[PDB]
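First the structure, in the form of structure tokens, and then the observations on it.
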Amino acid sequence: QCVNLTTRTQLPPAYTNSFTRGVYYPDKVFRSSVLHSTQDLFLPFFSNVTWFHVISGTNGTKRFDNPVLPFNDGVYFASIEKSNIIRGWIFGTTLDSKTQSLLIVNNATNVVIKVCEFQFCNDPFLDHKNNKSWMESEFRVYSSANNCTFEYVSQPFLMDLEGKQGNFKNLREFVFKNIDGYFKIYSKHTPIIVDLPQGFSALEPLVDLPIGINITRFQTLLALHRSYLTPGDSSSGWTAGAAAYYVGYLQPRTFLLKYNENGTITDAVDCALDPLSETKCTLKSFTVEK
Amino acid sequence: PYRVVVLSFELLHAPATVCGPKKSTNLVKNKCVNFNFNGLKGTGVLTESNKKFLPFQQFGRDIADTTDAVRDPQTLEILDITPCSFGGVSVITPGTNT
Amino acid sequence: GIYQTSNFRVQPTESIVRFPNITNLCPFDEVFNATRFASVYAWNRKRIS
Ligand SMILES: *[C@@H]1O[C@H](CO)[C@@H](O[C@@H]2O[C@H](CO)[C@@H](O)[C@H](O)[C@H]2NC(C)=O)[C@H](O)[C@H]1NC(C)=O
Ligand SMILES: *[C@@H]1O[C@H](CO)[C@@H](O)[C@H](O)[C@H]1NC(C)=O
Ligand SMILES: *[C@@H]1O[C@H](CO)[C@@H](O)[C@H](O)[C@H]1NC(C)=O
């Protein structure tokens with residue numbers, strides 16, 4: 014069914030600075046050896062993003080690591096972990112079951128995307147028992163399946179195919195946006211790191229779907245660890261552990277993109293940032309003479 | 507007793523749901539031909555190009571926004587486009603009197 | 311002297327249309343060739359998308 018969460022917890026929403034991250038192919042076209050200029054929704058360079066992280072392990076206070084977050088036009092959801100806990104992007108609605116509702120719960124029997132008009136539940140949290151097979155027994159996000167519009171099953175998504183080592187075995191970088199209704203999800207996977217990494221990368225597009233609904237704000241989800249070892253109520257009886265993930269925001273901006281000779285994005289410079297900029301963009305070249 | 511089925515489909519075209527077109531056609535090469543590979547329309551010649559595309563790439567472009575190359579939906583093979591020969595015509599004459 | 315009169319252009323011969331294959335059909339046989347039917351009153355309301 015669904016159970017209301019208790020033991021509310023408040024910690025400071027720490028901040029950190031993005032370093033030239035979150036660049037995705039705007040158009041589904043191929044170019045090569047050309048410095049193209051675009052203007053679309055992006056993430057401004059050196060933006061101040063709202064850090065979140067999982068603390071209070073075992074059953075100290077366990078934190079409310081998944082608050083309700085607003086959604087204006089896009090997110091730069093990221094994730095760094097080892098145990099593959101982040102899941103369940105329940106968003107896209109007013110959360111009142113007023114209109115069609117979306118969620119993405121995957122790494123089940125197969126990666127699935129259940130999209131229905133289900134009546135909501137106040138506090139979402141996905142049960146993951148400490149058994150041999152982690153069965154998602156309790157879908158505490160909803161308690162009904164009143165109506166449905168679409169269903170999706172995909173084999174490859176959020177595949178954590180990496181080596182066996184104790185470092186952070188993933189670096190997820192997603193981009194959620196709604197182009198006048200159509201949800202385009204851009205994603206990529208990055209090798210381990212040994215704290216945003218000051219590197220440049222591109223985001224390949226993935227499957228999109230029209231739907232078409234009103235969007236109000238965003239909500240995340242984490243995998244539970246309820247077990248008989250810790251005596252806890254059905255509201256909250258799971259062990260949190262340690263995890264971290266950032267959240268940014270998108271807005272209209274003008275960017276300059278440089279393409280490689282195979283077609284992959286290799287460098288980008290932002291307009292309306294510094295006095296040195298708006299000159300590099302104006303001359304349409306990365307090198308400016310005296 | 508007659509078994510009768512009733513069919514009702516909505517309108518307003520915004521929730522694009524089912525449809526169709528279909529209507530595939532064979533391929534030609536090395537000749538001027540109009541093409542409608544996936545919605546883009548143009549006139550030119552078809553050949554093979556060594557350039558490669560990323561898995562998500564649909565059709566390429568170039569400087570001065572011209573349609574350079576397209577990938578065939580049926581086979582996923584890179585094809586190139588070059589228009590038919592065109593140019594001016596000049597006439598040499600030594601004088602009508604001569 | 312030398313003069314220019316007009317231009318000449320080659321015309322395309324045929325036309326070809328392509329599409330991303332036709333494997334994704336709507337399930338329709340299970341409705342027409344159904345094991346059992348509905349009653350005169352009440353009716354099954356199926357959704358195809
Ligand atoms: C389209 O569907 C067919 C169904 O078999 C896939 O197989 C192709 O079949 C056609 C006609 O029999 C052949 O000309 C092709 O050579 C087949 N393809 C291959 C790779 O051998 C075909 O792959 C599908 N096309 C897609 C998915 O783009
Ligand atoms: C482009 O791809 C080719 C393989 O087709 C590779 O050899 C080359 O190194 C790539 N370009 C760059 C700049 O790495
Ligand atoms: C061609 O030659 C004749 C012979 O002199 C001359 O009268 C005539 O003008 C010439 N034609 C032209 C166009 O000048």
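Residue numbers (the entry's author numbering), protein chains in the order written: chain A, 14 to 68, 71 to 142, 146 to 212, 215 to 310; chain B, 507 to 604; chain C, 311 to 359.
Note that beta-carbon positions come from the ideal geometry of N, C-alpha and C, so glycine has one too.
Next item on the list: Note down, in chain order, each residue of its chain lying with its Cβ closer than 8 Å to the Cβ of residue 578 of chain B, except the 5 sequence neighbours on either side.
Entry: 533, 543 and 585
Notebook entry, point to check: If you drop the 5 nearest sequence neighbours on each side, which residues of the same chain put their C-beta closer than 7 Å to that of residue 243 of chain A?
Noted result: 100, 102, 141 and 146
Item checked: Identity of the residues DSSP links to residue 195 of chain A by a beta bridge -> A/202
Check: Out of curiosity, what's the CA-to-CA distance linking residue 61 of chain A and residue 511 of chain B?
Finding: 60 Å
Next item on the list: Would you mind telling me which residues of chain B sit closer than 9 Å to residue 325 of chain C, beta carbon to beta carbon, in chain order?
Entry: 531, 539, 540, 541 and 542
Next item on the list: Figure out for me which residue from A/258, A/30 and A/310 has the closest Cα to the Cα of residue 148 of chain A.
Entry: A/258
Checklist line | Closest Cα partner of residue 267 of chain A within the set A/164, A/288, A/177 and A/104 | finding: A/104
Check: residue 347 of chain C to residue 335 of chain C, Cα distance in whole Å?
Finding: 23 Å
Next item on the list: Please check the pair residue 36 of chain A and residue 197 of chain A, which I expect to be a contact at CB under 8 Å, by giving their CB distance rounded to whole angstroms.
Entry: Contact flag wrong, Cβ pair sits at about 17 Å.
Note to self: Taking 8 Å as the cut-off, is the C-beta of residue 298 of chain A nearer than that to any heavy atom in ligand 2?
What the structure shows: no
Margin query: I need the residues with a C-beta less than 7 Å from some heavy atom of ligand 1; please give them in chain order.
Written below: B/579, B/580, B/581, B/582, C/330, C/331 and C/333
Notebook entry, point to check: Of all Cβ atoms in chain C, is any one closer than 9 Å to the Cβ of residue 584 of chain B?
Noted result: no
Next item on the list: Just mark residue 245 of chain A as buried or exposed, buried being the case when its beta carbon has 16 or more other beta carbons within 10 Å.
Entry: buried
Next item on the list: Return the chain-ordered list of same chain residues with a C-beta closer than 7 Å to the C-beta of residue 233 of chain A, the five sequence neighbours on each side being excluded.
Entry: 107, 108, 114 and 115
Item checked: Cutoff 9 Å: residue 346 of chain C Cβ touching any chain B Cβ -> no
Next item on the list: Could you list which residues in chain A have their beta carbon closer than 7 Å to that of residue 567 of chain B, in chain order?
Entry: 42, 43 and 44
Item checked: For ligand 2, residues whose Cβ lies under 7 Å from any non-hydrogen atom -> A/280, A/281, A/282 and B/558
Next item on the list: Give a yes or no on contact between the region 127-140 of chain A and the region 155-170 of chain A, applying the rule of three or more CB pairs nearer than 8 Å.
Entry: yes
Check: Just the Cα atoms here: how many angstroms apart are residue 201 of chain A and residue 215 of chain A?
Finding: 29 Å
Next item on the list: Determine the direct distance from the alpha carbon of residue 352 of chain C to that of residue 18 of chain A, and round the result to whole angstroms.
Entry: 42 Å
Margin query: Suppose you measure from the CA of residue 523 of chain B to the CA of residue 24 of chain A; what does that come to, to the nearest Å?
Written below: 45 Å
Checklist line | Collapsed DSSP secondary structure at residue 275 of chain A in the structure displayed | finding: strand
Next item on the list: Within the same chain, show all residues whose beta-carbon is closer than 8 Å to that of residue 306 of chain A, passing over the 5 residues directly before and after it, in chain order.
Entry: 48, 278, 287, 289 and 300
Next item on the list: State the start and end residues of the unbroken alpha helix (DSSP H) segment that holds residue 342 of chain C.
Entry: 339-342
Next item on the list: Could you pull the start and end residues of the beta strand (DSSP E) that residue 334 of chain C belongs to?
Entry: Element bounds for residue 334 of chain C: n/a, residue is neither H nor E.
Check: Going straight from the alpha carbon of residue 540 of chain B to that of residue 546 of chain B, what length do you get?
Finding: 10 Å
Next item on the list: Counting only the same chain and skipping the five closest in sequence on each side, list residues whose C-beta sits under 7 Å from that of residue 27 of chain A.
Entry: 64
Note to self: Output needed for residue 132 of chain A: all residues of its chain with C-beta closer than 8 Å, excluding positions within five of it in sequence on either side, in chain order.
What the structure shows: 112, 114, 115, 116, 164, 165, 166 and 167
Next item on the list: Just mark residue 46 of chain A as buried or exposed, buried being the case when its beta carbon has 16 or more other beta carbons within 10 Å.
Entry: exposed
Check: Tell me, which residues are paired with residue 287 of chain A by DSSP?
Finding: A/278
Checklist line | residue 191 of chain A to residue 152 of chain A span [Cα, whole Å] | finding: 25 Å
Margin query: Less than 9 Å between the beta carbons of residue 274 of chain A and residue 51 of chain A, yes or no?
Written below: yes
Notebook entry, point to check: What is the rounded straight-line gap between the Cα of residue 80 of chain A and the Cα of residue 180 of chain A?
Noted result: 26 Å
Item checked: Contact set for residue 9 of chain A: own chain, Cβ-Cβ below 6 Å, skip 5 residues either direction -> The requested residue 9 of chain A is not part of the displayed model; chain A covers only 14 to 310.
Check: Just the Cα atoms here: how many angstroms apart are residue 536 of chain B and residue 182 of chain A?
Finding: 52 Å
Note to self: Pairs of beta-carbons, one from the region 588-600 of chain B and one from the region 316-323 of chain C, closer than 8 Å: are there three or more?
What the structure shows: yes
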